[PDB]
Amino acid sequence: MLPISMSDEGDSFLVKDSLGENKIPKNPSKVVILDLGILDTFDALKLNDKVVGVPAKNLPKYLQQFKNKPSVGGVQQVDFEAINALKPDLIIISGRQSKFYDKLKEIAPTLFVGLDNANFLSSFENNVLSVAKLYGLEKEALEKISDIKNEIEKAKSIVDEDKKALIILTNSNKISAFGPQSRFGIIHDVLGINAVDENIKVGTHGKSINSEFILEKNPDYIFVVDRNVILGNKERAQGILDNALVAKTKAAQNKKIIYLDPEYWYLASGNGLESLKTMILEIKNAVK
């Protein structure tokens, strides 16, 4: 995962990222943001007035200050006609919109703020700082990055190293597991919670598993991300895991099956100076 690089050209920056190269004007004034975390970072840096389009169909509870903005669809259902009609000077995307990069780059300079699951903290810093640098706000960004570092250390200091967690996602009645360096990796990689099974190694899709696997591993914590909440489906993780095999795990018996808010974890708000902070606190409060 290539870090974002910028070179000053007076009125504009020459910007290189994993997907390509763009000329980005300084102080862009009409920004379409498809990544929810970076939307939150815009709010944290007081750049709300620079934003002209957001994915209103997936706008979570903590980003309701952007409901007034023009909708450019959802994080997957990108509305190209809407984006084009706004005439933006900058489009910002993450992993979900990489597939749309060439069409978006025909409308305006398109900055990629991907989170590298193998290098979460560095990519996050580089994403926040590269946005800040467009506006001259490096100093504000560093103070907020330093707040996140502080929250990380508060979380870490409370972790019980004798305990092991499993991370699962639920989608319809299907359960998939995720481990270190996956899309939920920060629970293991940044907050230092031990994985039950270090050998689950996956990215965005996950290992297909069942309630017998979960009992076999017998984790002390189960972190559940229920994709059914995002997709509107009738099935609920709470129903999926209410069975006799899961009931016998240390997790069920100690009431440490923890239902993480998928508006943060699944929508992947990790680029947010305030949303990352809330996710770190959600982990910390679930295990302390």
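The numbering used is simple: start at 1 and walk along the sequence shown.
Mean C-alpha B-factor is higher over 193-201 than over the other stretch, the pair under comparison being 193-201 and 110-118. For the pair 43-51 and 233-241, the mean B factor over Cα atoms is greater in 233-241. Highest C-alpha temperature factor among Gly73, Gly95, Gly179, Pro88, as the PDB entry reports it: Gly179.
When the Cα B-factors of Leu129, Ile152, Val159, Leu169 are read from the PDB record, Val159 comes out highest. Per the PDB record, residue ranking by Cα B-factor puts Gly10 in the highest third of the chain. The PDB entry assigns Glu125 a C-alpha temperature factor belonging to the lowest third of its chain's modelled residues. In the deposited entry, the Cα temperature factor of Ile38 places it in the lowest third of its chain's modelled residues. Residue-level temperature factors show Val32 in the lowest third of its chain, judged at the C-alpha atom. Sort the chain's modelled residues by C-alpha temperature factor and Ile209 lands in the highest third, per the entry.
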